[PDB]
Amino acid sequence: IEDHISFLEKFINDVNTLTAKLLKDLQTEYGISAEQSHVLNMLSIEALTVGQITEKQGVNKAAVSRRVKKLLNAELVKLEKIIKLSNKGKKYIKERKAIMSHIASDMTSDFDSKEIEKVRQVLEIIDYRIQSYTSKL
């Protein structure tokens, strides 16, 4: 009712903590920070402007500016305006999938693939609506 909201928050806080730790080394091997990493996973999904990234995150523009220019200098991202993933950046996102997929299956090897289907359909509709309300405001 309202603790679904709390749960959701606690669930998201947990996933972030698991991801930070599991991707700890990779990020070090790349010289990329956690701050930057999220931008890379965020761009895996879309080609965004530093503003788009800044609003889709609520943090200080300067901070997003600093991290994007670091990703360019690292050739982990590139230009059109558009800030999209470069191929070296893409391999990180693939080295990231591989590690996520490995632990994810571990924890879901016993689920009913169909139970999950209905659960996913519910989330796609909520997601669909989340994107809808979000446009500006």
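Note that residue numbering follows the sequence shown and begins at 1.
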Q) Are any deposited residues left out of the model between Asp112 and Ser113, and how many (none, 1 to 3, 4 to 9, 10 or more)? A) none
Q.
Tell me which stretch, 54 to 62 or 96 to 104, has the higher mean Cα B-factor listed in the entry.
A. 54 to 62
**Q.** Chain third (lowest, middle, highest) by recorded CA B-factor, residue given as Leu48
**A.** highest
Q: Compare the C-alpha B factor of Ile82 with those of the other modelled residues in its chain, then answer lowest, middle or highest third.
A: highest
